[PDB]
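Structure first, then comments.
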Amino acid sequence: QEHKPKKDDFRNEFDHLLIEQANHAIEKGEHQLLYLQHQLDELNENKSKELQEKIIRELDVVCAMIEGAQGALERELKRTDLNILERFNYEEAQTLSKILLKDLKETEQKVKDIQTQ
């Protein structure tokens, strides 16, 4: 297996491009979900009241800002666009965002399902 470092090189989003904000949004969200998965698995059995209440708060604010941002941004870019490159980027953008969205939702549900103090 090849495990290499992956850090956003283009942080400065001055241009504030549509795809730029979208990619950054889906990237951050996805990452958080991947890392959150672990806590969810451990919390599933641990059933820790503190760990749960915490994950819920973090997952709430994350899924919230992501849902709102993604929805708005997506609705913005969806306004008008037609091109090979634009189509490709747009396709992958919605693909990654959609995936992270489903996973995130599932995680939240599970957390809420687990009974704790």
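Note: ideal-geometry Cβ built from the backbone for every residue, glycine included; neighbour counts use all protein chains shown. Throughout, read-outs are computed from the coordinates displayed, never taken from laboratory work.
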Mind listing just one residue for me: the one in the stretch 42-80 that is of a type in the set (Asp, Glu) and without any contact (Cβ under 8 Å) to a residue 60 or more places away in the chain and, of those, nearest to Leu100 (Cα to Cα)?
-> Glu67
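Within the stretch 20-61, count every residue that is surrounded by fewer than 18 Cβ atoms within 10 Å (Cβ to Cβ), of a type in the set (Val, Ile, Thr) and over 13 Å from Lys110 (Cα atoms). Before the answer, list the steps.
Residues of the stretch 20-61 surrounded by fewer than 18 Cβ atoms within 10 Å (Cβ to Cβ): 20, 24, 27-28, 31, 34-35, 37-38, 41-42, 44-51, 53-54, 56-58, 60-61.
Still in the running and of a type in the set (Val, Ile, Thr): 56, 61.
Now narrow it down to the ones that are over 13 Å from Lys110 (Cα atoms): 61.
The qualifying residues number 1.
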Identify the residue in the stretch 90-117 that is among the polar types (S, T, N, Q) and either surrounded by fewer than 11 Cβ atoms within 10 Å (Cβ to Cβ) or under 17 Å from the mean Cα position of the chain (by Cα) (or both) and, among all such residues, is nearest to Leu59 (Cα to Cα).
-> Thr107
Please give the number of the condition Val62 fails out of (1) in contact with a helix residue (DSSP H, G or I) (Cβ under 8 Å, 6 or more places away or on another chain); (2) not in a helix (DSSP H, G or I).
-> (2)
